[PDB]
Protein chains: 4
Amino acid sequence: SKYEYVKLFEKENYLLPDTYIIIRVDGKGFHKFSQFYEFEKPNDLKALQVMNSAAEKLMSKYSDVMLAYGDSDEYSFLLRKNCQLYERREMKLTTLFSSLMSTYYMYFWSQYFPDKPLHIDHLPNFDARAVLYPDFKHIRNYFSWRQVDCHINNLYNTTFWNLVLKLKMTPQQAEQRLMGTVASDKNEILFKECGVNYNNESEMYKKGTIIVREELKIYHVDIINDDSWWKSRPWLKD
Amino acid sequence: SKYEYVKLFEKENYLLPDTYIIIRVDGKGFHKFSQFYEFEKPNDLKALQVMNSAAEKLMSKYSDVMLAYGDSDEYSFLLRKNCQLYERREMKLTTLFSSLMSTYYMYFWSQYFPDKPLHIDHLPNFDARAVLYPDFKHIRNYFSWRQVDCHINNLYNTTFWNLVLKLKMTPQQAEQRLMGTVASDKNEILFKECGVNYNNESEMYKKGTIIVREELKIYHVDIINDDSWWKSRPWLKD
Amino acid sequence: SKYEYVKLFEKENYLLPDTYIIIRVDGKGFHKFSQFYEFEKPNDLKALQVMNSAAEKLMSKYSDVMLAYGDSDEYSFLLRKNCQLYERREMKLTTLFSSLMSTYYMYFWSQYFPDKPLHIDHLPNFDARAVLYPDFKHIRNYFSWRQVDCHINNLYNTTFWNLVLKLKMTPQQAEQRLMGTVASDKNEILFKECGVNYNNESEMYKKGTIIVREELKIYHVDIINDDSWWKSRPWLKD
Amino acid sequence: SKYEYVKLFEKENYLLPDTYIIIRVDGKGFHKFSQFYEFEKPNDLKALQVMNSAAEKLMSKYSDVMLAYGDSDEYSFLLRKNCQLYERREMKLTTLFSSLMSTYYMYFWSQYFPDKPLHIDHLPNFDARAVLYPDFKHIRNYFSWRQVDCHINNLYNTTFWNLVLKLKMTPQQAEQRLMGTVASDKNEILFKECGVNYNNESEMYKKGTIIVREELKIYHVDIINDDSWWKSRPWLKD
RNA sequence: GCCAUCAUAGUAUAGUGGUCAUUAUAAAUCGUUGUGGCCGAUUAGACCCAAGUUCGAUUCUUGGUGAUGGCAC
RNA sequence: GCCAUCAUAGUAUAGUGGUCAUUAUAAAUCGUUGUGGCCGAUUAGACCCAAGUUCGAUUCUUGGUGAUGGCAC
């Protein structure tokens, strides 16, 4: 054929072999999404259950996924160094992960929220990106990074929304109130001003969600400083 | 943060400026999908209407898409040379398209097929890839390629399914029958043995589907040899 | 063999077909190089003749190079868009261009400077990079860019070195003298203080060197605003 | 400037952090090169000494090079995983390595071969490629691969040339004689038919040349099966 | 890494130191009718990239690139 | 591209040709209770990358990388 030549312009990226692969998916414009569908704030439990359901189903479908961590609108999946899925093609992996997360999210949404049918102009969408890590210490530091981010964002949001919801403040007002404030200040604001003990908040909200292949087990725990949690799971490294 | 350093391992791909971008999305394992949901064969009208609906909605959402051509389980989107969406990041573009096509397909499926609710183990999934073309001649030759592919595949499928359904053959029998057969043989088989004139088959089935930005207009026409079709639409080149 | 598997870790990058390739080579640490070999200042004629000889030899050896422009320690090469050399493998092209430039430079140095044999710790070395340009306007703008750089640097260096040699100023003094000065001021300083008319400077020094495939002809001319120079040479475009 | 925008078309490749980098340089068309300058066959000592001298000089110039292995016209360089040279830019590294090897070879050739001045149409040129290895076992296996390749190729050329010289065979005759033969067969052919004991051949010829940072020490030894050789050198790993 | 063979239309195939350089399909237009099928007619499409030899090179000689077949890890 | 200035802990900040090299926040454990908040105490972490000079270099001299501020398209 005289038109097939265009196929030669395509460029495939084969991810470096024997390297841990992390795929992170993140919901597109989930702020506006949370606004439209009236999520409970700071954290909507059922929505996170939809996310976790999607992640668990996906992880159940692909044996190569060793570990999953997610919070808010994001989820990260660790693939074993030797994973041969789609011959380690970056494009296949990423677009497939985004498609799967989107569709699973839609399905489990139809299951958890029959009262809120999805509108065509607001559908859950996710991006996805692949990152290569040559050493497991970097994997540990990655998930540590994600959990710390969950910590910061959840604290910020809880203080913010308690200022907005429990107090009568405006989003702008609450935003300006927290400017240049650090974690300790946020907690003090929560207790003294909002009468809220952050430590008593749900373990899922503050620590995030971990899905591990053991069986697929779900935990909400600190993975940052607990070495024994990792040591007892050597198959993650292999 | 002591853990944020991992962000340095990410490698982004910014697509070459002033170049036409074609994003092709394709349904994952849609043969089995067509069997599970009992699609009409050779071509399922309503399924094709779902595809076209998803594509039209997506194209309507993003102004940078100048032209779209799709058939069967695939759809191709042409972005203007000057499209800067997401800083021309390949990962963002592809994962976003796969997610959007997946969700739009799910929605329009829920609309066209209320009788066939989607099963969790069968959801429509799509991959997506970005290909760069430096000159418009390559764009024309690309879409020409896709339409030729549509012609061949549709002819094959119509002949095949007319052999299994009409002549009451098994799929393997039709497979063996069409082994080593050429277009003339397929037309003659359809005509003489199945009593079917291919030219009278739906224009959408044999020519595929074209959605072009003019209002968004739908055509089923030959774009291969009709130069005037392209000439009359200079904004595609710009 | 049990050790060949490592070959799978190699990643080749094939440059987009039908695209103009510009390979730019630039001498590594040629300031120190020019100091070491006691180059004439502001401009050493024979060194630039070595550069030009090397470039001309390379261009003579590989027919795909349509045009070459170089000045100071750098040289840029335009490859026809349809160039299939080394299957458009980026690494092969770049490392071979740098290697060729280095060796040819060494050779022509041995010919032009027999009095100055090269020292093992100062050898001419070059880097090389490949750049893709989808439209010829970008090629024109590139060579325009390079020539403008040649003008600016030549004017600055001529004024500076005339201040150092003729006015016997120290480099730091001449440098402070030129602070906040513009082209008119530099020309005025040269003519009134140094008794030098810049307009009378060698065409090679101010305009750089252009080697174009006609037969290979060498020019020192303005290619920026002269459109007819390009128009009369359509084969550069093809 | 209105012309600087072209700089935006450049694409840099930053090699993945904390990964071992192997840069392999290989002489361009060195068969013809060896023929032109009338190299001793099967192995020319002085030329290999030029190669080794160039490599040792290069390794001496860059402290990041931990180990080098070369034979025939090829040389491989191992960079510590944490090497930051040129910010791990592939282009800079490869073009610099090819340029340096080319120039160093040119220099040492004039030292070893004053009788054979280099011809402009035959200058030593080298390509260079970068490969990333995430684990040291792959490094061990890489150098193992190169040494085995050296053994095999040396066996082939020595046997062929001995069949030509001792038995006065025609190249086609020697070629026909070696058809379907394996290493053991080649050794047996050499000893029985050509009257040459391969085991008595130069250690450089059979094992290649190893340059390791200890001081820079040169060895001709087996690194494939000797584990203690690697174990005693932990600094190679880090 | 080595030798042998080879480089032509979208694909697949014959030929030449010298006319508009073959043949078969595929492609484009017209006509007939069974439709885009079969048949008849017309049109369109190429000799890897350079140097050198020569009156003239797709040919011959050289170089560079690229591919297959063998043999060997 | 030019010049000035600068390179330390996760961040932000003092000082030295020579002891375990500051201080303030952030982080880790214990303790108090109002909670992971305030406060007390204990602990953890670093001087861009090489060479030369030197007994000894984070400091000086040189070079390479990176960043900011001014001036210029």
# chains A, B, ... in the order shown; residues from 1 in each chain; ligands from 1
$ closest_atom_pairs --of "chain F" --to "chain C" --cutoff "12 Å" --atoms "only C-alpha atoms (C1' of nucleotides)" --output "tab-separated table"
residue	atom	partner	partner_atom	distance
F:1	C1'	C:153	CA	8.1
F:2	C1'	C:179	CA	8.1
F:3	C1'	C:179	CA	7.6
F:4	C1'	C:176	CA	11.3
F:63	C1'	C:32	CA	10.3
F:64	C1'	C:29	CA	10.3
F:70	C1'	C:180	CA	11.1
F:71	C1'	C:180	CA	6.2
F:72	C1'	C:180	CA	8.2
F:73	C1'	C:148	CA	10.7
$ interface_residues --of "chain A" --to "chain B" --cutoff "7 Å" --atoms "only C-alpha atoms" --output "VMD selection string"
chain A and resid 3 to 4 6 9 to 10 91 to 92 94 to 96 98 to 100 102 to 103 120 123 125 to 129 131 to 132 138 141 to 142 144 to 145
$ write_last_selection --atoms "N, CA and C atoms" --output "short mmCIF file (atom, residue, chain, number, x, y, z; two decimals), in the first residue's frame"
data_model
loop_
_atom_site.label_atom_id
_atom_site.label_comp_id
_atom_site.auth_asym_id
_atom_site.auth_seq_id
_atom_site.Cartn_x
_atom_site.Cartn_y
_atom_site.Cartn_z
N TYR A 3 -0.07 4.16 1.28
CA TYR A 3 -0.34 4.97 2.47
C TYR A 3 0.18 4.40 3.79
N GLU A 4 0.71 3.18 3.77
CA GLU A 4 1.18 2.57 5.02
C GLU A 4 2.45 3.21 5.60
N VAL A 6 3.24 6.00 6.64
CA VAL A 6 3.06 6.89 7.78
C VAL A 6 3.32 6.17 9.10
N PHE A 9 6.42 6.82 11.25
CA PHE A 9 6.65 8.02 12.05
C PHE A 9 6.39 7.78 13.54
N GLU A 10 5.80 6.63 13.86
CA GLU A 10 5.50 6.28 15.25
C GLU A 10 6.76 5.93 16.03
N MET A 91 3.55 3.86 26.58
CA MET A 91 2.25 4.32 26.09
C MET A 91 1.10 3.37 26.43
N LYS A 92 1.31 2.07 26.18
CA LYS A 92 0.29 1.07 26.45
C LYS A 92 -0.05 1.07 27.92
N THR A 94 0.48 3.41 30.29
CA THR A 94 -0.12 4.64 30.82
C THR A 94 -1.55 4.87 30.34
N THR A 95 -1.78 4.72 29.04
CA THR A 95 -3.11 4.96 28.51
C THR A 95 -4.08 3.89 29.00
N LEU A 96 -3.58 2.67 29.16
CA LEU A 96 -4.41 1.59 29.67
C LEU A 96 -4.78 1.83 31.12
N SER A 98 -4.95 4.73 32.65
CA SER A 98 -5.88 5.85 32.73
C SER A 98 -7.29 5.41 32.33
N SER A 99 -7.37 4.59 31.29
CA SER A 99 -8.65 4.09 30.81
C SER A 99 -9.33 3.21 31.86
N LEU A 100 -8.56 2.30 32.43
CA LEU A 100 -9.07 1.39 33.44
C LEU A 100 -9.55 2.12 34.67
N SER A 102 -10.48 5.22 34.90
CA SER A 102 -11.66 6.00 34.56
C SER A 102 -12.91 5.14 34.54
N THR A 103 -12.85 4.02 33.83
CA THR A 103 -14.02 3.16 33.69
C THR A 103 -14.44 2.51 35.01
N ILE A 120 -22.74 14.09 31.56
CA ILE A 120 -21.78 14.00 30.45
C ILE A 120 -20.66 15.04 30.52
N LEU A 123 -17.39 13.87 33.93
CA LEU A 123 -17.07 12.46 34.02
C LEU A 123 -15.73 12.30 34.70
N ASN A 125 -12.15 11.69 34.95
CA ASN A 125 -11.01 11.43 34.09
C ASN A 125 -9.73 11.40 34.89
N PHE A 126 -8.76 10.62 34.42
CA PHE A 126 -7.50 10.50 35.12
C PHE A 126 -6.36 10.66 34.14
N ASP A 127 -5.28 11.30 34.57
CA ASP A 127 -4.05 11.20 33.81
C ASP A 127 -3.26 10.06 34.43
N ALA A 128 -2.16 9.70 33.79
CA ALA A 128 -1.29 8.65 34.29
C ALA A 128 0.12 8.91 33.81
N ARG A 129 1.10 8.68 34.69
CA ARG A 129 2.49 8.82 34.29
C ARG A 129 3.35 7.69 34.83
N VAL A 131 7.20 6.29 35.96
CA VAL A 131 8.52 6.68 36.46
C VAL A 131 9.38 5.45 36.78
N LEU A 132 10.66 5.50 36.39
CA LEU A 132 11.58 4.39 36.63
C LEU A 132 12.48 4.61 37.85
N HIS A 138 14.57 4.09 46.68
CA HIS A 138 13.88 5.17 45.99
C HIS A 138 12.38 4.90 45.96
N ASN A 141 11.29 5.80 49.48
CA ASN A 141 11.26 7.26 49.56
C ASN A 141 10.12 7.85 48.75
N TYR A 142 9.73 7.19 47.67
CA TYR A 142 8.59 7.65 46.87
C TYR A 142 7.29 7.55 47.64
N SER A 144 6.94 7.21 50.73
CA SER A 144 7.09 8.12 51.86
C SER A 144 6.68 9.53 51.45
N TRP A 145 7.17 9.95 50.29
CA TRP A 145 6.85 11.25 49.71
C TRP A 145 5.34 11.41 49.57
#
$ select_by_dssp --residues "segment 5-164 of chain D" --states "helix (DSSP H, G or I)" --output "count of residues only"
85
$ closest_atom_pairs --of "chain F" --to "segment 187-196 of chain A" --cutoff "9 Å" --atoms "only C-alpha atoms (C1' of nucleotides)" --output "Markdown table"
| residue | atom | partner | partner_atom | distance |
| --- | --- | --- | --- | --- |
| F:34 | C1' | A:191 | CA | 7.5 |
| F:35 | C1' | A:191 | CA | 7.3 |
| F:36 | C1' | A:187 | CA | 8.1 |
| F:37 | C1' | A:188 | CA | 4.3 |
| F:38 | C1' | A:188 | CA | 8.5 |
$ write_last_selection --atoms "N, CA and C atoms (P, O5', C5', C4', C3', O3' and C1' of nucleotides)" --output "PDB file, in the first residue's frame"
ATOM      1  P     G F  34      -5.601  19.870  79.967  1.00  0.00           P
ATOM      2  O5'   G F  34      -6.011  19.362  78.519  1.00  0.00           O
ATOM      3  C5'   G F  34      -7.351  19.412  78.041  1.00  0.00           C
ATOM      4  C4'   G F  34      -7.389  19.245  76.541  1.00  0.00           C
ATOM      5  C3'   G F  34      -6.300  18.350  75.967  1.00  0.00           C
ATOM      6  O3'   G F  34      -6.750  17.787  74.735  1.00  0.00           O
ATOM      7  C1'   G F  34      -5.922  20.599  75.285  1.00  0.00           C
ATOM      8  P     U F  35      -6.741  16.191  74.516  1.00  0.00           P
ATOM      9  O5'   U F  35      -5.282  15.898  73.944  1.00  0.00           O
ATOM     10  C5'   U F  35      -4.995  14.720  73.204  1.00  0.00           C
ATOM     11  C4'   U F  35      -4.695  15.050  71.760  1.00  0.00           C
ATOM     12  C3'   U F  35      -3.225  15.203  71.381  1.00  0.00           C
ATOM     13  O3'   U F  35      -2.609  13.939  71.148  1.00  0.00           O
ATOM     14  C1'   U F  35      -4.618  16.847  70.300  1.00  0.00           C
ATOM     15  P     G F  36      -1.007  13.736  71.137  1.00  0.00           P
ATOM     16  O5'   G F  36      -0.497  14.480  69.824  1.00  0.00           O
ATOM     17  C5'   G F  36       0.898  14.595  69.561  1.00  0.00           C
ATOM     18  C4'   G F  36       1.173  15.238  68.223  1.00  0.00           C
ATOM     19  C3'   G F  36       0.391  16.524  67.928  1.00  0.00           C
ATOM     20  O3'   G F  36       1.287  17.446  67.314  1.00  0.00           O
ATOM     21  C1'   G F  36       0.159  15.015  66.145  1.00  0.00           C
ATOM     22  P     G F  37       1.969  18.598  68.197  1.00  0.00           P
ATOM     23  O5'   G F  37       0.847  19.714  68.326  1.00  0.00           O
ATOM     24  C5'   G F  37       0.442  20.499  67.214  1.00  0.00           C
ATOM     25  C4'   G F  37      -0.151  21.783  67.720  1.00  0.00           C
ATOM     26  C3'   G F  37       0.702  22.470  68.781  1.00  0.00           C
ATOM     27  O3'   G F  37       1.673  23.335  68.222  1.00  0.00           O
ATOM     28  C1'   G F  37      -1.483  22.181  69.609  1.00  0.00           C
ATOM     29  P     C F  38       3.152  23.407  68.842  1.00  0.00           P
ATOM     30  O5'   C F  38       2.959  24.300  70.144  1.00  0.00           O
ATOM     31  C5'   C F  38       2.606  25.673  70.050  1.00  0.00           C
ATOM     32  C4'   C F  38       2.482  26.285  71.418  1.00  0.00           C
ATOM     33  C3'   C F  38       3.708  26.113  72.298  1.00  0.00           C
ATOM     34  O3'   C F  38       4.715  27.079  72.044  1.00  0.00           O
ATOM     35  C1'   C F  38       1.798  25.443  73.503  1.00  0.00           C
TER      36        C F  38
END
$ atom_distance --atom1 "atom CA of residue 221 of chain A" --atom2 "atom CA of residue 200 of chain A"
14.3 Å
$ residues_around --residues "residue 66 of chain F" --least-positions-apart "4" --cutoff "10 Å" --atoms "only C-alpha atoms (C1' of nucleotides)" --output "PyMOL selection string"
(chain D and resi 87) or (chain F and resi 7+48)
$ select_by_dssp --residues "segment 66-128 of chain B" --states "strand (DSSP E or B)" --output "ChimeraX atom specification"
/B:66-71,74-79,89,119,122,126-128
$ decode --residues "segment 123-134 of chain D" --atoms "N, CA and C atoms" --output "compact mmCIF listing (two decimals), in the first residue's frame"
# COMPACT_ATOMS: atom_id res chain seq x y z
N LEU D 123 41.16 8.67 8.49
CA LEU D 123 41.47 9.14 9.83
C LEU D 123 40.69 8.26 10.79
N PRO D 124 41.25 8.00 11.97
CA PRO D 124 40.44 7.16 12.86
C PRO D 124 39.21 7.92 13.34
N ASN D 125 38.04 7.34 13.11
CA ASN D 125 36.79 7.88 13.64
C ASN D 125 36.12 6.85 14.52
N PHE D 126 35.38 7.33 15.51
CA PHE D 126 34.71 6.43 16.43
C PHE D 126 33.26 6.87 16.60
N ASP D 127 32.35 5.91 16.73
CA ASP D 127 31.03 6.25 17.21
C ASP D 127 31.03 6.00 18.71
N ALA D 128 29.94 6.38 19.36
CA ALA D 128 29.81 6.19 20.79
C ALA D 128 28.34 6.05 21.16
N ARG D 129 28.04 5.14 22.08
CA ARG D 129 26.67 4.99 22.54
C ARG D 129 26.62 4.86 24.06
N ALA D 130 25.53 5.35 24.64
CA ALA D 130 25.31 5.27 26.08
C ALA D 130 24.24 4.24 26.41
N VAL D 131 24.52 3.39 27.40
CA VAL D 131 23.57 2.38 27.85
C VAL D 131 23.44 2.42 29.37
N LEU D 132 22.22 2.34 29.88
CA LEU D 132 22.00 2.38 31.32
C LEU D 132 21.78 0.99 31.90
N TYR D 133 22.53 0.66 32.95
CA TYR D 133 22.33 -0.59 33.67
C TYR D 133 22.03 -0.35 35.14
N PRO D 134 20.83 -0.73 35.58
CA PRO D 134 20.34 -0.47 36.94
C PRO D 134 21.00 -1.33 38.01
